[PDB]
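Single chain ahead, by itself, as structure tokens, in the form deposited without the ligand.
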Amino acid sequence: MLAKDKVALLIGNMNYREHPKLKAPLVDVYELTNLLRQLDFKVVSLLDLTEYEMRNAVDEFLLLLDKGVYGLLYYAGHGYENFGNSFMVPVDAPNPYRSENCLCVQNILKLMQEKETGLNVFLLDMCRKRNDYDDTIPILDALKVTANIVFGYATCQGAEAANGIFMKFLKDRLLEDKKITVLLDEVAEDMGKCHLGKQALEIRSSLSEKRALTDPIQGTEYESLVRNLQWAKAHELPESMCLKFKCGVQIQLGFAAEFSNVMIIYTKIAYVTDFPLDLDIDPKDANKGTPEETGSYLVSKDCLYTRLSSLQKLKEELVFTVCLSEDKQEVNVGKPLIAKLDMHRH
């Protein structure tokens, strides 16, 4: 089987304002991004999105989708299941939350089917208990019989959910040249064999074709020129710049990508300040001697380190100061990584 393209949207919600915080999404989203990139997927990896942001990320993912394209959604964070429908809880959701505060996976699926995708894969790494505060009754709009829908649930209905358990098992099997349903069924068996017994994968599938995440991508279509120019603008990393001060001191300002919305700034001889107010860069979390202290996935072997984890909140250009203890110098680094696409426009 051939794929028109292979696109993936990975959302990892951890930093909940009015709900318990999560840890596993950081490790699981970074690691799944690496595995999917090895399978030649155009991956968009995003952490901690609000309702407004998640809906804009969904729309940006759909513009990357077309006829015969392989679509994959992976979510890890808070979730619930009511009347057959899966809901993904944004980090700005209140306590309690309703359907309107969250994103329904079936609504995304329907939009993906309207783009005539060749494959739809949903890997839902969340709890599947009911939300007793959600009064809403689904407006039953019968989905199309596309026979290319695969759901991979981390747990069974009404049950609970270093890597998280689901990613721990998924990692060891994801690269295999096997039909996605056969591969997920093997992952479910791996969990069954493991002594550490209580949690179980649930697979829902209407897939009628032998489609695998390993399938090769067909030759370039000659609107497809629109899709690939939008993509090549998604992961632009600022060029390492050398700074000159009036005292003769020279500092090298460097950048590294952690996620589509997460970039590490590192100064080598010197601290960074006056970042945009939309970015919510707490100066107590900036300029760490180690990248682990900043909350990064990146360890020291991957000077001073600062993590900008909310690039999706950037409306204008990334302009900030580089202070040397007294002198200051402004730097304009443009719109880095996913800030370059105006996702806010949706």
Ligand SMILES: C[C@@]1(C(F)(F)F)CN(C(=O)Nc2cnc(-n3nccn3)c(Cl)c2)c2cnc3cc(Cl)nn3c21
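Residue positions are given as counts along the sequence shown, with the first one as 1.
Chemist: Counting only residues that lack coordinates, how big is the gap in the deposited sequence between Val182 and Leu183? Pick none, 1 to 3, 4 to 9 or 10 or more.
Modeler: Going from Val182 to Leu183, the model skips no residues of the deposited sequence.
Chemist: Which class describes the count of deposited residues lacking coordinates between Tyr222 and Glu223: none, 1 to 3, 4 to 9, or 10 or more?
Modeler: 1 to 3 residues are missing.
Chemist: If you average the CA temperature factors as listed in the entry, which stretch comes out higher, 227 to 235 or 245 to 253?
Modeler: Averaging CA B-factors over each stretch, the winner is 245 to 253.
Chemist: Highest mean C-alpha temperature factor of the two stretches 270 to 278 and 112 to 120, which is it?
Modeler: Going by the record's values, the stretch with the higher mean is 270 to 278.
Chemist: Which of these, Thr290, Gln312, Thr33, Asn56, has its C-alpha atom at the highest B-factor, as the entry lists it?
Modeler: Of the candidates given, the C-alpha B-factor peaks at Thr290.
Chemist: Using the temperature factors in the entry, find which of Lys284, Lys67, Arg37, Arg307 has the highest value at its Cα atom.
Modeler: Out of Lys284, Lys67, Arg37, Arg307, the record gives the largest C-alpha B-factor to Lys284.
Chemist: Per the entry's values, where does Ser99 land by CA temperature factor relative to the rest of its chain, in the lowest, middle or highest third?
Modeler: It belongs to the middle third of the chain when residues are ordered by C-alpha B-factor.
Chemist: Considering every modelled residue of the chain and its Cα B-factor in the PDB entry, is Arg204 in the lowest, middle or highest third?
Modeler: It belongs to the lowest third of the chain when residues are ordered by C-alpha B-factor.
Chemist: Among all modelled residues of this chain, ranked by Cα B factor, put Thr50 in the bottom, middle or top third, i.e. lowest, middle or highest.
Modeler: Tercile = lowest for this residue's CA B-factor.
Chemist: Among the modelled residues of its chain, does the C-alpha B-factor of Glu317 lie in the lowest, middle or highest third?
Modeler: It falls in the top third of the chain.
Chemist: Split into thirds by Cα B-factor across the chain's modelled residues, where does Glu81 land: lowest, middle or highest?
Modeler: Answer is lowest: the recorded C-alpha B-factor places it there.
There is another form of this protein, the form deposited with the ligand bound, and it is not shown here; the text below is about that form.
Chemist: Please work out, step by step, whether the site is open or blocked: first superpose the C-alphas near the site so the ligand is positioned as in the bound PDB entry, then count ligand atoms within 2.4 Å of this form's backbone or C-beta atoms (3 or more = blocked).
Modeler: With the ligand superposed from its pose in the bound PDB entry, the site reads as blocked.
Chemist: Pick the stretch from 227 to 235, 213 to 221, 94 to 102, 248 to 256 whose residues have a heavy atom within 4.5 Å of the ligand in the bound PDB entry.
Modeler: In short, 227 to 235.
Chemist: Just to confirm, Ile281 within 4.5 Å of the ligand in the bound PDB entry by heavy atoms?
Modeler: Taking the distances in the bound PDB entry, the answer for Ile281 is no, it never comes within 4.5 Å of the ligand.
Chemist: Hey, in the bound PDB entry, does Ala57 get a heavy atom within 4.5 angstroms of the ligand?
Modeler: Judged by the heavy-atom cut-off of 4.5 Å, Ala57 is in contact with the ligand in the bound PDB entry.
Chemist: Does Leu32 reach the ligand in the bound PDB entry, with heavy atoms at most 4.5 Å apart?
Modeler: No, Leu32 is distant from the partner.
Chemist: Would you classify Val333 as touching the ligand in the bound PDB entry, given a 4.5 Å non-hydrogen atom cut-off?
Modeler: No, no contact at 4.5 Å.
Chemist: Heavy atom within 4.5 Å of the ligand in the bound PDB entry: which of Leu36, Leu304, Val44, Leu318 fits that? Just give me the one.
Modeler: Partner contact (heavy atom, 4.5 Å) among the options: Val44.
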